[PDB]
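Down below is the structure, laid out as structure tokens.
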Amino acid sequence: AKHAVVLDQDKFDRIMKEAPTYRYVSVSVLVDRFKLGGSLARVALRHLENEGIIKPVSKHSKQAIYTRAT
Amino acid sequence: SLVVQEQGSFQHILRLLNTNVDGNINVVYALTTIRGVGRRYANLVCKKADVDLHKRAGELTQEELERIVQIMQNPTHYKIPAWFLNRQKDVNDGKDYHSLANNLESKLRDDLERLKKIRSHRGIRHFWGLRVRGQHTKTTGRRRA
RNA sequence: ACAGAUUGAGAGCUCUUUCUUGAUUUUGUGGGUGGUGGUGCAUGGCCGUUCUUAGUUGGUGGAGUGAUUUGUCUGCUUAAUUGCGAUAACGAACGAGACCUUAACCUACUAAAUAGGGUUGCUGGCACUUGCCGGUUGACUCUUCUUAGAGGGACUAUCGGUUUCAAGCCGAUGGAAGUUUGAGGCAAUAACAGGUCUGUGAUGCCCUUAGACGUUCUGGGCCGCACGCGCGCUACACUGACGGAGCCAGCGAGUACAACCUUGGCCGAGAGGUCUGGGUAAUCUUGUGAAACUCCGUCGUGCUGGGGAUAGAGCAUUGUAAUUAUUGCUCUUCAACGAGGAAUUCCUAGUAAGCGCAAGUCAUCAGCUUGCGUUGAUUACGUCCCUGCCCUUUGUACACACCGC
RNA sequence: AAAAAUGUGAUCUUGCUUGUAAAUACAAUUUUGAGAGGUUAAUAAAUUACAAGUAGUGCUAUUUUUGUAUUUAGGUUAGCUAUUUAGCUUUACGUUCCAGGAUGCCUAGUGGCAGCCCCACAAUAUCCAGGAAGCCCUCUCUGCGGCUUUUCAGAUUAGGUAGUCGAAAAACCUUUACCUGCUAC
Ligand SMILES: [Mg+2]
Ligand SMILES: [Mg+2]
Ligand SMILES: [Mg+2]
Ligand SMILES: [Mg+2]
Ligand SMILES: [Mg+2]
Ligand SMILES: [Mg+2]
Ligand SMILES: [Mg+2]
Ligand SMILES: [Mg+2]
Ligand SMILES: [Mg+2]
Ligand SMILES: [Mg+2]
Ligand SMILES: [Mg+2]
């Protein structure tokens, strides 16, 4: 294993800081900027799409392209 | 669904049934990793327990683990059809049963011994260190145990 | 020829037996008969290969005493000895082409409740205005799709260049079609000591020829494994895997003296059981709602949920018989393999590759095969570098022809 | 590392010329299936450690405070090639495997959304270029393919010659080469 699968509060905070920035957020992009692995990344992305912040471009399974507001 | 908030870090690698349950990953996967549990069976066990298959589950609870262990131990007591098993129909006139760890290995060994004793064609083949289920070794598998 | 010993063995196979059977036979000697016995280098037929390449022939006439040769060729064309041309050659035949079958077009004909639609009846649901989707072989009518009969239609057509302004080729236009329109079927002369005497009551000769190398039963074996190569399949995952959901083909095939395909209903996690049908078949299986695909979710680049081998057990089915797993299903085991070196195969368009179906064999077994459709690219549209083959000119102590002498 | 202060004949720390104390472990897949005989020949590496002869510099430097640390971190060859600011391998040296110790520029980088957040590009040499398995080989623990043979034959094929293969006792660790086969109304 290459790590980047372990989950923390601190990690979450860093992820949050922040949804803003980055032209596009793609599970792939998230990993590996060395963030939480695949599923985790996806979850994070989903969360980010709750109330604004990052709006979508594509919606497909695994090809999930999102971009910053607004 | 949800990212694991809170401090976390609840034990990397758990020890269960004299074998290594791997941390994070998923309960089913852990079960599979144990010498004797497979995929479908693992899934079934998980279902019985009532835990999400989405969760990584190295942060599992103790009670849940215990329940799982119990399930592994006992086919007939819980709702498992009893033809879904590793072993079934064995000894003189009696019951179907299976193990899932070290226990499973032991059972297998016992079975092998029995076969050897019998000196059946299969048993003979086993003794030889050869091809029990009549597959043609004219060309294929040129190395062997 | 019952009875048990006998015998693998309710093989009278016999030796224990002492009953049947009536001139079939049977004991010899001529004489056949059978043989998945031999020899394909004794043959037939069929097939493969030279070669599906472009080659082959003879009638005159000319050149040679002659074997022979020319025609049958410098060139340029063509897939083609295809043509145009040049010409002791002229006109011909075979082979190629034409031909045939199929694959494409037909709102133009002939046709249909065993093919499909339109109006309308009854009838289900909707919005609720008249309108939308349906279901019913209730009526009436149609032939576009369907089939499949008869015909047409493409001839490189029109135009442009290019080429001794020839054969042709190259590009635009139209056209269903412009690669010989695509794909095959057939396919010359001469052959090979290529294969098959284990398709053959096709067969020469030899062998064998009643304890057979005939037949026939029974149990195995073709499947064994230190290991080589040859077709193949499955994978090395993220263009994925797994779940759901969407959901579309074409070739076919399929029983009454058997047991075929088998919907529809209930049981079973499955496999598979059962009852019932429909079908001798554009009618029923069957719209074979085949896969690969498409959508939303779960794992995220870890020999991982990639990969599925070997394994153990049980549940099924086929058959007389499943251990040397027949095959299917259920759980469990999780091996090798992170795109493969030297080498070498196949391929030019609905092709390649992927994907499944399909019949063939078949009681039961698909990784095989002949077909089928579905998804559908990359790169040439050239050349003789290699490989093979073909010719020409050359040289030849070869002619059983370089495995030569 | 930061800081307050005691004291040493004011104080402080850049290496030069010497000899001894120690870390390159362990091995196995392989080597001709097991044992013995040689790390044959060759050969010490700068690396750390104490002290000299002081260029240095007076050698030895003590008593007490602040924090989990707050310190400054990361990485270099060797060969082949007219892909020569690039391509391919990438610790070679009997065959198979090996690793960095430090004089140093390193450098707290330049690019792509620098921002910490990942990608790639940039840090001469190296002193040694050294250690482990294998290392020309010879007797053993005494191996299975020879020695002849006699019996035959499988055959080798169109026919044949010469060799070769298969089943029975004694020391030693190829099924191919070559000769010979056919004609007019
Ligand atoms: Mg016969
Ligand atoms: Mg015969
Ligand atoms: Mg022949
Ligand atoms: Mg022959
Ligand atoms: Mg003449
Ligand atoms: Mg001629
Ligand atoms: Mg013209
Ligand atoms: Mg044609
Ligand atoms: Mg039909
Ligand atoms: Mg696995
Ligand atoms: Mg087959």
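Scheme for the structure tokens: letters A, B, ... for chains in order shown; per-chain residue numbers from 1; ligand numbers from 1 in order shown.
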Could you give me, as a count of residues only, the residues within 7 Å of residue 55 in chain A, counting only C-alpha atoms (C1' of nucleotides) and dropping anything in the same chain fewer than 5 positions from it? 5
Check which residues of chain C sit at most 9 Å from ligand 10 using only C-alpha atoms (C1' of nucleotides) and all ligand atoms, and return one row each with the closest pair of atoms and their distance in Å to one decimal, ordered by chain and rising number, as a Markdown table.
| residue | atom | partner | partner_atom_place_in_ligand_line | distance |
| --- | --- | --- | --- | --- |
| C:303 | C1' | ligand 10 | 1 (Mg) | 7.8 |
| C:304 | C1' | ligand 10 | 1 (Mg) | 6.9 |
| C:305 | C1' | ligand 10 | 1 (Mg) | 8.0 |
| C:306 | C1' | ligand 10 | 1 (Mg) | 8.1 |
| C:307 | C1' | ligand 10 | 1 (Mg) | 7.9 |
| C:334 | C1' | ligand 10 | 1 (Mg) | 6.4 |
Can you pull out every residue with an atom within 10 Å of ligand 5? Use only C-alpha atoms (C1' of nucleotides) and all ligand atoms and format it as a PyMOL selection string. chain C and resi 59-62+69-70
List all protein, DNA and RNA residues that have an atom no more than 12 Å from any atom of ligand 2, counting only C-alpha atoms (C1' of nucleotides) and all ligand atoms, and report them as a PyMOL selection string. chain C and resi 34-39+197-198+200-204+207-208+213-214
Selection from above, C-alpha atoms (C1' of nucleotides), as a PDB file, in the first residue's frame, can you write it?
ATOM      1  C1'   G C  34     -14.697 -61.636 -43.906  1.00  0.00           C
ATOM      2  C1'   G C  35     -10.509 -58.484 -42.219  1.00  0.00           C
ATOM      3  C1'   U C  36     -10.572 -49.734 -39.087  1.00  0.00           C
ATOM      4  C1'   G C  37      -4.469 -56.452 -41.733  1.00  0.00           C
ATOM      5  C1'   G C  38      -0.447 -54.811 -45.290  1.00  0.00           C
ATOM      6  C1'   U C  39       1.330 -51.926 -49.515  1.00  0.00           C
ATOM      7  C1'   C C 197      -6.495 -49.105 -49.840  1.00  0.00           C
ATOM      8  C1'   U C 198      -9.143 -46.405 -41.178  1.00  0.00           C
ATOM      9  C1'   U C 200     -16.573 -46.581 -49.160  1.00  0.00           C
ATOM     10  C1'   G C 201     -19.923 -54.654 -51.123  1.00  0.00           C
ATOM     11  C1'   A C 202     -13.981 -48.690 -55.183  1.00  0.00           C
ATOM     12  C1'   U C 203     -10.152 -52.494 -55.418  1.00  0.00           C
ATOM     13  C1'   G C 204      -4.920 -55.434 -57.503  1.00  0.00           C
ATOM     14  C1'   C C 207      -0.828 -61.934 -45.564  1.00  0.00           C
ATOM     15  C1'   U C 208      -4.366 -63.829 -42.562  1.00  0.00           C
ATOM     16  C1'   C C 213      -5.580 -60.175 -38.139  1.00  0.00           C
ATOM     17  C1'   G C 214     -13.236 -62.197 -38.954  1.00  0.00           C
TER      18        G C 214
END
Near-ligand residues for ligand 3, threshold 8 Å, only C-alpha atoms (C1' of nucleotides) and all ligand atoms, as a ChimeraX atom specification: /C:40-41,193-195
Based on the selection just made, write N, CA and C atoms (P, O5', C5', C4', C3', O3' and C1' of nucleotides) of those residues as a PDB file, in the first residue's frame.
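And here's selection11.pdb as it stands now:
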ATOM      1  P     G C  40       2.727 -47.249 -48.731  1.00  0.00           P
ATOM      2  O5'   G C  40       2.140 -46.800 -50.139  1.00  0.00           O
ATOM      3  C5'   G C  40       0.729 -46.812 -50.410  1.00  0.00           C
ATOM      4  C4'   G C  40       0.445 -45.975 -51.631  1.00  0.00           C
ATOM      5  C3'   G C  40       0.872 -44.517 -51.528  1.00  0.00           C
ATOM      6  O3'   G C  40       1.150 -44.063 -52.849  1.00  0.00           O
ATOM      7  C1'   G C  40      -1.450 -44.613 -51.781  1.00  0.00           C
ATOM      8  P     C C  41       2.280 -42.969 -53.133  1.00  0.00           P
ATOM      9  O5'   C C  41       3.385 -43.796 -53.924  1.00  0.00           O
ATOM     10  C5'   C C  41       3.057 -44.525 -55.122  1.00  0.00           C
ATOM     11  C4'   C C  41       3.751 -45.868 -55.136  1.00  0.00           C
ATOM     12  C3'   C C  41       3.766 -46.620 -53.806  1.00  0.00           C
ATOM     13  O3'   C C  41       3.569 -48.016 -54.004  1.00  0.00           O
ATOM     14  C1'   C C  41       5.974 -46.317 -54.556  1.00  0.00           C
ATOM     15  P     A C 193       7.108 -36.088 -56.125  1.00  0.00           P
ATOM     16  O5'   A C 193       7.427 -37.270 -57.147  1.00  0.00           O
ATOM     17  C5'   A C 193       7.401 -38.655 -56.742  1.00  0.00           C
ATOM     18  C4'   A C 193       5.982 -39.187 -56.735  1.00  0.00           C
ATOM     19  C3'   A C 193       5.465 -39.668 -55.380  1.00  0.00           C
ATOM     20  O3'   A C 193       4.068 -39.423 -55.245  1.00  0.00           O
ATOM     21  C1'   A C 193       5.528 -41.486 -56.882  1.00  0.00           C
ATOM     22  P     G C 194       3.451 -39.085 -53.807  1.00  0.00           P
ATOM     23  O5'   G C 194       3.872 -37.560 -53.589  1.00  0.00           O
ATOM     24  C5'   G C 194       4.478 -37.078 -52.369  1.00  0.00           C
ATOM     25  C4'   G C 194       3.485 -36.302 -51.534  1.00  0.00           C
ATOM     26  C3'   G C 194       2.331 -37.104 -50.960  1.00  0.00           C
ATOM     27  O3'   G C 194       2.770 -37.832 -49.817  1.00  0.00           O
ATOM     28  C1'   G C 194       1.480 -35.150 -51.959  1.00  0.00           C
ATOM     29  P     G C 195       2.222 -39.309 -49.548  1.00  0.00           P
ATOM     30  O5'   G C 195       0.737 -39.038 -49.058  1.00  0.00           O
ATOM     31  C5'   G C 195       0.470 -38.125 -47.983  1.00  0.00           C
ATOM     32  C4'   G C 195      -1.012 -38.072 -47.721  1.00  0.00           C
ATOM     33  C3'   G C 195      -1.760 -39.373 -47.940  1.00  0.00           C
ATOM     34  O3'   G C 195      -1.427 -40.258 -46.875  1.00  0.00           O
ATOM     35  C1'   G C 195      -2.969 -37.599 -48.914  1.00  0.00           C
TER      36        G C 195
END
Contacts of range 79-93 of chain B within 8 Å, only C-alpha atoms (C1' of nucleotides), excl. fewer than 4 positions in-chain, as a PDB file with C-alpha atoms (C1' of nucleotides), in the first residue's frame:
ATOM      1  CA  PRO B  75     -24.686 -22.446  10.443  1.00  0.00           C
ATOM      2  CA  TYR B  97     -21.129 -28.120   9.377  1.00  0.00           C
ATOM      3  CA  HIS B  98     -18.309 -25.753   8.366  1.00  0.00           C
ATOM      4  CA  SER B  99     -15.410 -23.784   9.884  1.00  0.00           C
TER       5      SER B  99
ATOM      6  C1'   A C 313     -17.147 -30.493  -0.229  1.00  0.00           C
ATOM      7  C1'   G C 314     -22.361 -30.877  -1.511  1.00  0.00           C
ATOM      8  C1'   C C 315     -26.666 -30.124  -4.835  1.00  0.00           C
ATOM      9  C1'   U C 330     -23.733 -23.749  -4.640  1.00  0.00           C
ATOM     10  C1'   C C 331     -20.186 -22.354  -1.058  1.00  0.00           C
ATOM     11  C1'   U C 332     -15.083 -22.400  -0.012  1.00  0.00           C
TER      12        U C 332
END
Run DSSP on the backbone and give me the residues of range 47-133 of chain B it puts in alpha helix (DSSP H), as a PyMOL selection string. chain B and resi 47-49+62-73+102-118+121-128
Just write the chosen residues, C-alpha atoms, as an mmCIF file, in the first residue's frame.
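Output file out.cif is given in full below:
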data_model
loop_
_atom_site.group_PDB
_atom_site.id
_atom_site.type_symbol
_atom_site.label_atom_id
_atom_site.label_comp_id
_atom_site.auth_asym_id
_atom_site.auth_seq_id
_atom_site.Cartn_x
_atom_site.Cartn_y
_atom_site.Cartn_z
ATOM 1 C CA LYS B 47 -25.833 -8.856 5.862
ATOM 2 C CA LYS B 48 -26.585 -10.994 8.908
ATOM 3 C CA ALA B 49 -24.546 -8.650 11.098
ATOM 4 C CA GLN B 62 -16.573 -5.269 19.308
ATOM 5 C CA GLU B 63 -20.161 -6.518 19.612
ATOM 6 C CA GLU B 64 -20.449 -6.665 15.823
ATOM 7 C CA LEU B 65 -17.206 -8.638 15.618
ATOM 8 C CA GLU B 66 -18.482 -11.073 18.244
ATOM 9 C CA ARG B 67 -21.720 -11.521 16.295
ATOM 10 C CA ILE B 68 -19.748 -12.207 13.120
ATOM 11 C CA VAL B 69 -17.640 -14.791 14.942
ATOM 12 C CA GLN B 70 -20.783 -16.479 16.259
ATOM 13 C CA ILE B 71 -22.238 -16.581 12.748
ATOM 14 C CA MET B 72 -19.024 -18.138 11.433
ATOM 15 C CA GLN B 73 -19.139 -20.766 14.164
ATOM 16 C CA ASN B 102 -7.389 -22.151 11.287
ATOM 17 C CA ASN B 103 -10.356 -24.390 12.103
ATOM 18 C CA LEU B 104 -11.210 -24.657 8.411
ATOM 19 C CA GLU B 105 -7.614 -25.588 7.604
ATOM 20 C CA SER B 106 -7.672 -28.267 10.307
ATOM 21 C CA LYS B 107 -10.913 -29.662 8.893
ATOM 22 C CA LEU B 108 -9.387 -29.768 5.412
ATOM 23 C CA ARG B 109 -6.348 -31.606 6.765
ATOM 24 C CA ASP B 110 -8.604 -34.128 8.500
ATOM 25 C CA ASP B 111 -10.529 -34.681 5.271
ATOM 26 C CA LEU B 112 -7.275 -35.238 3.386
ATOM 27 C CA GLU B 113 -6.156 -37.760 6.001
ATOM 28 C CA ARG B 114 -9.474 -39.590 5.701
ATOM 29 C CA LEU B 115 -9.107 -39.704 1.920
ATOM 30 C CA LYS B 116 -5.593 -41.106 2.268
ATOM 31 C CA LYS B 117 -6.856 -43.776 4.660
ATOM 32 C CA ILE B 118 -9.598 -44.728 2.221
ATOM 33 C CA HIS B 121 -8.500 -42.957 -6.631
ATOM 34 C CA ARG B 122 -8.659 -39.320 -5.527
ATOM 35 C CA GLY B 123 -6.794 -40.174 -2.329
ATOM 36 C CA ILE B 124 -4.118 -41.987 -4.323
ATOM 37 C CA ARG B 125 -3.739 -38.987 -6.620
ATOM 38 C CA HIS B 126 -3.382 -36.686 -3.606
ATOM 39 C CA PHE B 127 -0.711 -38.969 -2.152
ATOM 40 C CA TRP B 128 1.167 -38.932 -5.449
#
Wanna dump the chain C-ligand 7 contacts at 12 Å for me, each residue with its shortest atom pair and the distance in Å to one decimal, counting only C-alpha atoms (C1' of nucleotides) and all ligand atoms, ordered by chain and number, as CSV?
residue,atom,partner,partner_atom_place_in_ligand_line,distance
C:156,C1',ligand 7,1 (Mg),10.0
C:157,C1',ligand 7,1 (Mg),11.1
C:158,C1',ligand 7,1 (Mg),9.4
C:159,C1',ligand 7,1 (Mg),7.9
C:160,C1',ligand 7,1 (Mg),7.6
C:161,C1',ligand 7,1 (Mg),8.2
C:162,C1',ligand 7,1 (Mg),9.5
C:163,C1',ligand 7,1 (Mg),11.1
C:165,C1',ligand 7,1 (Mg),10.4
C:168,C1',ligand 7,1 (Mg),10.8
C:169,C1',ligand 7,1 (Mg),10.5
C:170,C1',ligand 7,1 (Mg),10.5
C:171,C1',ligand 7,1 (Mg),10.9
Could the residues in this selection be written to a file with C-alpha atoms (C1' of nucleotides), as a PDB file, in the first residue's frame?
ATOM      1  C1'   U C 156     -16.860   3.768 -65.663  1.00  0.00           C
ATOM      2  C1'   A C 157     -22.541   7.246 -67.149  1.00  0.00           C
ATOM      3  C1'   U C 158     -21.882  12.922 -67.767  1.00  0.00           C
ATOM      4  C1'   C C 159     -18.024  16.741 -67.471  1.00  0.00           C
ATOM      5  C1'   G C 160     -12.724  18.053 -66.662  1.00  0.00           C
ATOM      6  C1'   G C 161      -7.931  17.135 -67.314  1.00  0.00           C
ATOM      7  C1'   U C 162      -3.844  13.055 -68.333  1.00  0.00           C
ATOM      8  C1'   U C 163      -2.133   9.472 -71.929  1.00  0.00           C
ATOM      9  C1'   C C 165      -5.419  12.769 -77.611  1.00  0.00           C
ATOM     10  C1'   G C 168      -6.660   2.889 -70.149  1.00  0.00           C
ATOM     11  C1'   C C 169      -5.851   5.564 -65.794  1.00  0.00           C
ATOM     12  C1'   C C 170      -6.853  10.184 -62.188  1.00  0.00           C
ATOM     13  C1'   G C 171     -10.552  13.834 -60.253  1.00  0.00           C
TER      14        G C 171
END
Have a look at A:43, A:29, A:64, A:15 and name the one nearest to chain B; count only C-alpha atoms. A:43
Residues within 8 Å of ligand 8, counting only C-alpha atoms (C1' of nucleotides) and all ligand atoms: report them as a PDB file with N, CA and C atoms (P, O5', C5', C4', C3', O3' and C1' of nucleotides), in the first residue's frame.
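The resulting file, part_16.pdb, is shown below:
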ATOM      1  P     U C 180     -11.721  -2.680 -59.737  1.00  0.00           P
ATOM      2  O5'   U C 180     -12.946  -3.551 -60.274  1.00  0.00           O
ATOM      3  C5'   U C 180     -13.466  -3.313 -61.598  1.00  0.00           C
ATOM      4  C4'   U C 180     -14.175  -4.527 -62.157  1.00  0.00           C
ATOM      5  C3'   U C 180     -15.334  -5.082 -61.332  1.00  0.00           C
ATOM      6  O3'   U C 180     -16.428  -5.450 -62.171  1.00  0.00           O
ATOM      7  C1'   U C 180     -13.777  -6.797 -61.760  1.00  0.00           C
ATOM      8  P     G C 182     -16.159  -5.218 -57.321  1.00  0.00           P
ATOM      9  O5'   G C 182     -16.673  -5.585 -55.860  1.00  0.00           O
ATOM     10  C5'   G C 182     -16.290  -4.788 -54.727  1.00  0.00           C
ATOM     11  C4'   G C 182     -16.960  -5.299 -53.474  1.00  0.00           C
ATOM     12  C3'   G C 182     -16.801  -6.784 -53.184  1.00  0.00           C
ATOM     13  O3'   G C 182     -15.539  -7.119 -52.609  1.00  0.00           O
ATOM     14  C1'   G C 182     -19.068  -6.203 -52.968  1.00  0.00           C
ATOM     15  P     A C 183     -14.691  -8.358 -53.185  1.00  0.00           P
ATOM     16  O5'   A C 183     -15.495  -9.624 -52.648  1.00  0.00           O
ATOM     17  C5'   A C 183     -15.545  -9.916 -51.239  1.00  0.00           C
ATOM     18  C4'   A C 183     -16.599 -10.956 -50.939  1.00  0.00           C
ATOM     19  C3'   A C 183     -16.448 -12.305 -51.631  1.00  0.00           C
ATOM     20  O3'   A C 183     -15.473 -13.152 -51.034  1.00  0.00           O
ATOM     21  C1'   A C 183     -18.684 -11.605 -51.803  1.00  0.00           C
ATOM     22  P     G C 184     -14.151 -13.570 -51.838  1.00  0.00           P
ATOM     23  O5'   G C 184     -14.174 -15.162 -51.752  1.00  0.00           O
ATOM     24  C5'   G C 184     -14.641 -15.996 -52.835  1.00  0.00           C
ATOM     25  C4'   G C 184     -15.966 -16.627 -52.480  1.00  0.00           C
ATOM     26  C3'   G C 184     -16.355 -17.824 -53.337  1.00  0.00           C
ATOM     27  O3'   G C 184     -15.939 -19.018 -52.681  1.00  0.00           O
ATOM     28  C1'   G C 184     -18.063 -16.184 -53.444  1.00  0.00           C
TER      29        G C 184
END
For chain B, which residues have at least one atom within 9 Å of chain A, if we go by only C-alpha atoms? Write them as a list in words, please. residues 1, 2, 3, 4, 5, 6, 7, 8, 9 and 24 of chain B
Save out the residues we just selected, N, CA, C and O atoms, as a JSON list (two decimals), in the first residue's frame.
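Heads up, here's the output in part-v5.json:
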[["chain", "number", "residue", "atom", "x", "y", "z"],
["B", 1, "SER", "N", -20.63, 7.48, 1.38],
["B", 1, "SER", "CA", -21.74, 8.43, 1.75],
["B", 1, "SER", "C", -21.25, 9.59, 2.62],
["B", 1, "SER", "O", -21.45, 10.75, 2.28],
["B", 2, "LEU", "N", -20.62, 9.24, 3.75],
["B", 2, "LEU", "CA", -20.03, 10.22, 4.67],
["B", 2, "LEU", "C", -18.53, 9.98, 4.83],
["B", 2, "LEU", "O", -18.08, 8.83, 4.91],
["B", 3, "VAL", "N", -17.75, 11.07, 4.88],
["B", 3, "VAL", "CA", -16.32, 11.00, 5.17],
["B", 3, "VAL", "C", -16.20, 10.79, 6.68],
["B", 3, "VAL", "O", -16.93, 11.42, 7.45],
["B", 4, "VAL", "N", -15.28, 9.92, 7.09],
["B", 4, "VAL", "CA", -15.07, 9.63, 8.51],
["B", 4, "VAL", "C", -14.51, 10.87, 9.21],
["B", 4, "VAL", "O", -13.31, 11.17, 9.13],
["B", 5, "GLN", "N", -15.40, 11.60, 9.88],
["B", 5, "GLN", "CA", -15.04, 12.70, 10.77],
["B", 5, "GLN", "C", -14.60, 12.11, 12.12],
["B", 5, "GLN", "O", -14.55, 10.89, 12.28],
["B", 6, "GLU", "N", -14.25, 12.98, 13.07],
["B", 6, "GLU", "CA", -13.79, 12.58, 14.42],
["B", 6, "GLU", "C", -12.34, 12.07, 14.35],
["B", 6, "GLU", "O", -11.82, 11.76, 13.27],
["B", 7, "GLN", "N", -11.68, 12.02, 15.52],
["B", 7, "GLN", "CA", -10.27, 11.60, 15.65],
["B", 7, "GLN", "C", -9.91, 10.36, 14.82],
["B", 7, "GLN", "O", -8.92, 10.38, 14.08],
["B", 8, "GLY", "N", -10.70, 9.30, 14.95],
["B", 8, "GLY", "CA", -10.51, 8.07, 14.19],
["B", 8, "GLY", "C", -9.31, 7.27, 14.66],
["B", 8, "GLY", "O", -8.98, 7.26, 15.85],
["B", 9, "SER", "N", -8.66, 6.58, 13.71],
["B", 9, "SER", "CA", -7.45, 5.79, 13.95],
["B", 9, "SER", "C", -7.64, 4.66, 14.97],
["B", 9, "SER", "O", -6.78, 4.41, 15.81],
["B", 24, "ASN", "N", -9.02, -0.86, 7.83],
["B", 24, "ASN", "CA", -9.68, -0.18, 6.72],
["B", 24, "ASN", "C", -10.26, -1.21, 5.71],
["B", 24, "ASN", "O", -10.69, -2.29, 6.14]]
Near-ligand residues for ligand 11, threshold 10 Å, only C-alpha atoms (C1' of nucleotides) and all ligand atoms, as a PDB file with N, CA, C and O atoms (P, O5', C5', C4', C3', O3' and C1' of nucleotides), in the first residue's frame:
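The resulting selection33.pdb:
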ATOM      1  P     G C 360     -27.771 -29.556 -36.874  1.00  0.00           P
ATOM      2  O5'   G C 360     -26.202 -29.738 -37.093  1.00  0.00           O
ATOM      3  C5'   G C 360     -25.647 -29.726 -38.423  1.00  0.00           C
ATOM      4  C4'   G C 360     -24.157 -29.973 -38.404  1.00  0.00           C
ATOM      5  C3'   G C 360     -23.668 -31.123 -37.545  1.00  0.00           C
ATOM      6  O3'   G C 360     -23.916 -32.341 -38.240  1.00  0.00           O
ATOM      7  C1'   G C 360     -22.216 -29.257 -37.313  1.00  0.00           C
ATOM      8  P     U C 361     -24.812 -33.485 -37.572  1.00  0.00           P
ATOM      9  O5'   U C 361     -23.811 -34.138 -36.522  1.00  0.00           O
ATOM     10  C5'   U C 361     -22.622 -34.816 -36.974  1.00  0.00           C
ATOM     11  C4'   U C 361     -21.576 -34.835 -35.887  1.00  0.00           C
ATOM     12  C3'   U C 361     -21.990 -35.479 -34.575  1.00  0.00           C
ATOM     13  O3'   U C 361     -21.903 -36.900 -34.627  1.00  0.00           O
ATOM     14  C1'   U C 361     -20.728 -33.491 -34.186  1.00  0.00           C
ATOM     15  P     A C 366     -20.949 -27.542 -23.899  1.00  0.00           P
ATOM     16  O5'   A C 366     -20.134 -26.296 -23.336  1.00  0.00           O
ATOM     17  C5'   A C 366     -18.693 -26.321 -23.277  1.00  0.00           C
ATOM     18  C4'   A C 366     -18.081 -25.648 -24.486  1.00  0.00           C
ATOM     19  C3'   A C 366     -18.917 -24.585 -25.220  1.00  0.00           C
ATOM     20  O3'   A C 366     -18.746 -23.209 -24.823  1.00  0.00           O
ATOM     21  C1'   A C 366     -17.603 -25.953 -26.687  1.00  0.00           C
ATOM     22  P     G C 367     -17.293 -22.486 -24.678  1.00  0.00           P
ATOM     23  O5'   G C 367     -16.656 -22.569 -26.139  1.00  0.00           O
ATOM     24  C5'   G C 367     -15.508 -23.393 -26.443  1.00  0.00           C
ATOM     25  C4'   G C 367     -14.263 -22.567 -26.630  1.00  0.00           C
ATOM     26  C3'   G C 367     -13.232 -23.169 -27.578  1.00  0.00           C
ATOM     27  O3'   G C 367     -12.461 -22.156 -28.217  1.00  0.00           O
ATOM     28  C1'   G C 367     -12.377 -23.187 -25.382  1.00  0.00           C
ATOM     29  P     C C 368     -12.893 -21.606 -29.660  1.00  0.00           P
ATOM     30  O5'   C C 368     -12.752 -22.889 -30.590  1.00  0.00           O
ATOM     31  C5'   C C 368     -11.503 -23.587 -30.701  1.00  0.00           C
ATOM     32  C4'   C C 368     -11.659 -24.786 -31.601  1.00  0.00           C
ATOM     33  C3'   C C 368     -12.315 -24.518 -32.944  1.00  0.00           C
ATOM     34  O3'   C C 368     -11.337 -24.018 -33.850  1.00  0.00           O
ATOM     35  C1'   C C 368     -13.362 -26.372 -31.924  1.00  0.00           C
ATOM     36  P     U C 369     -11.731 -22.884 -34.901  1.00  0.00           P
ATOM     37  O5'   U C 369     -12.855 -23.604 -35.766  1.00  0.00           O
ATOM     38  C5'   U C 369     -12.545 -24.806 -36.497  1.00  0.00           C
ATOM     39  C4'   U C 369     -13.757 -25.297 -37.245  1.00  0.00           C
ATOM     40  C3'   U C 369     -14.428 -24.256 -38.118  1.00  0.00           C
ATOM     41  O3'   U C 369     -13.629 -24.208 -39.296  1.00  0.00           O
ATOM     42  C1'   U C 369     -16.070 -25.411 -36.846  1.00  0.00           C
TER      43        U C 369
END
